[PDB]
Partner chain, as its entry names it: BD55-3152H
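A single chain comes next, written as C-alpha cells; it is the form solved without the partner chain.
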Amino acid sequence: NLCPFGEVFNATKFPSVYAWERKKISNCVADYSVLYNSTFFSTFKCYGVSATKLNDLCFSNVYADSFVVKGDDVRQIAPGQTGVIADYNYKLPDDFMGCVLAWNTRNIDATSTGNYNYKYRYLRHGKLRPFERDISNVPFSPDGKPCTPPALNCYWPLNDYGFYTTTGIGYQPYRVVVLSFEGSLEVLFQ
C-alpha cells in the first residue's frame, strides 16, 4: 500500500479559506521526503510534534485541510494566533497537534490582472470555533437585524483577496495544508 501524499496536493484547484476541504488521506504510508525539501515550501512548521522525527512517528491520522491564505495571513495560521483570517475561518485549536505547511503560489494562484476567486469571512456574528466550517452567505448587519443591501449597515460577509503577481511578499497567495496528526487508537473509556 504505497500512496502519494503530494500528488493530490499538486492539484491545480485549491479550496479557499471559507471553503477549505478536509482531504482525509489515511490508512496508508507515504514518503515524507518532500517535507524535508524546504526550497519549495516556505512555511515548513509543526506544532506539538517533531518536524524531523515526523517520519519516525507512525501515530498519525491525517486530517489534511487545504485552503489559500495570502502572504501576510500565513502567520495567522498558527495555534493560539488570531486575526482577520484566524477567527472567521478554519481556526487552529490551542492544543492542536500536527504540522502547518505553506508555499508561495504567486505564479499559480495569482494573476497579473487580479485573481479574486478565493473567499474569507471579513464579518461574522460570534466566533468561529476551531475545526468548525460554516457555509452561509447571508448579509450581515452589525446590530444583527436581517436586511437586504444596499440598505445601510447591511454588508456581505465573504470577501475576496486581490491576488496579484506584482504584490509584495506578504500579499501573495500561500496554499496551506493543515495535517492534523493524531493517534487513531485511544483508550478514553472502558
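For clarity, a rigid core is taken as the largest C-alpha set superposing within 1.5 Å between two forms. Residue numbers count along the first chain shown, from 1.
The following text describes the form deposited with the partner chain bound, which does not appear among the structures shown.
(request) Using a 4.5 Å heavy atom cut-off, state whether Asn27 contacts the partner chain in the entry with it bound. (result) Result no; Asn27 lies far from the partner chain in the entry with it bound.
(request) Go through 97-119 residue by residue and record those having a heavy atom within 4.5 Å of the partner chain in the entry with it bound; state none if no residue qualifies. (result) Residues within 4.5 Å: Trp103, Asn104, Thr105, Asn107, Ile108.
(message) Only one of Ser136, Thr148, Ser38, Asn153 crosses a C-alpha shift of 2 angstroms between the shown form and the other one, counting 2 angstroms or more, core aligned. Which residue?
(response) So the residue whose C-alpha moves 2 Å or more is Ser38.
(request) Could you tell me whether the Cα atom of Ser60 shifts by at least 2 Å between the shown form and the other one after core superposition? (result) Shift of 2 Å or more: yes.
(request) Would you mind telling me if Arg175 and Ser60 are closer or farther apart in the entry with it bound than in the shown form, C-alpha to C-alpha, with a 3 Å or larger change? (result) Farther apart, which means the C-alphas of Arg175 and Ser60 are at least 3 Å more distant in the entry with it bound.
(request) Regarding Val176 and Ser60, go with closer or farther for their CA spacing in the entry with it bound versus this form, the difference being 3 Å or more. (result) The answer is farther, because the C-alphas of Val176 and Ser60 separate from each other in the entry with it bound by 3 Å or more.
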